[PDB]
Structure formats: structure tokens, C-alpha cells
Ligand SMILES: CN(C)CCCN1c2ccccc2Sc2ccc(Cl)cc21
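In the block that follows, a single chain appears as C-alpha cells, in the form deposited without the ligand.
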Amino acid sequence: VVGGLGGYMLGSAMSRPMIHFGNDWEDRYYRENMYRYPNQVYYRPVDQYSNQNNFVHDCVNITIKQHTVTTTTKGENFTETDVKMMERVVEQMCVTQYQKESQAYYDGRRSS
């Protein structure tokens, strides 16, 4: 049961999303430190989606939780600064995974 998710869709991996905090040093900090954050994110299928926002936040919390729990259990943690930078990344990755799978649905009417 994916360690203890009940059954969140663990997505596949990614490459560096284009986070733009509005700052300069944050973007550079992120670009040096991006390895500290996961490749992949946890969510539900578009088959039972309803809300973007509520689904996004619940993913964001649950992948934040897992990095801050299923790594912190051993001895692996972050800072408020890394954590907020993670909230950006976890969102962009979560958003992208929904967008990938739901666009496959919304594009999936072009037998043209």
C-alpha cells in the first residue's frame, strides 16, 4: 500500500520545473538545491477529481508530509525556506501530473 498512502497515484519522475518565486536569489538557491526534493508526486486519478484546488492542496500536503515523515523518520529534514520552496515545486509537479493525464482526456477526442 505504497508504505502507507491507502492508494494515492504515485506519479512518475520529472525534470526541473520552472519555479519563479518572483525573487532572484530564491530561483538561484532552488537551482543549486533541487536534488533535495522528490522526482515524483502523489495524487488521485482524474477519474475522481472534482476540485483542482482541493486535490492540489491535499497532494501538496501529502507529498510534503511524506518527505517530512517517510524521510524524517530516519533523519532527513529541511527548513521553512526549503519547505516553502517545496510547496512551489510540489504544486507545479502535482499540477503538471493532473494536466498531463486530464489533457490526455481533453485531447483524447482527436481521432482526426
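We number the residues from 1 along the sequence you see.
Just so you know, the form solved in complex with the ligand exists too; it's not on screen, but the next bit is about it.
Peer 1: Where the ligand sits in the entry with it bound, superposed onto the shown form by the site's C-alphas, are 3 or more of its atoms within 2.4 Å of backbone or C-beta (blocked), or none (open)?
Peer 2: Transferred pose: blocked.
Peer 1: Heavy atom to heavy atom, is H57 within 4.5 Å of the ligand in the entry with it bound?
Peer 2: Looking in the entry with it bound, residue contacts with the ligand do not include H57, since no heavy atom lies within 4.5 Å.
Peer 1: So, in the entry with it bound, is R36 in contact with the ligand at a 4.5 angstroms heavy atom limit?
Peer 2: It does not: once the ligand is placed as it appears in the entry with it bound, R36 has no heavy atom within 4.5 Å of it.
Peer 1: Does the ligand get within 4.5 angstroms of any non-hydrogen atom of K84 in the entry with it bound?
Peer 2: Output for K84 is no: heavy atoms all beyond 4.5 Å of the ligand.
Peer 1: Within 4.5 Å, heavy atoms only: does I62 come near the ligand in the entry with it bound?
Peer 2: Yes, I62 lies within 4.5 Å of the ligand in the entry with it bound.
Peer 1: Which of these stretches, 25-33, 48-56, 76-84, 63-71, has heavy atoms within 4.5 Å of the ligand in the entry with it bound?
Peer 2: Only one stretch qualifies here: 63-71.
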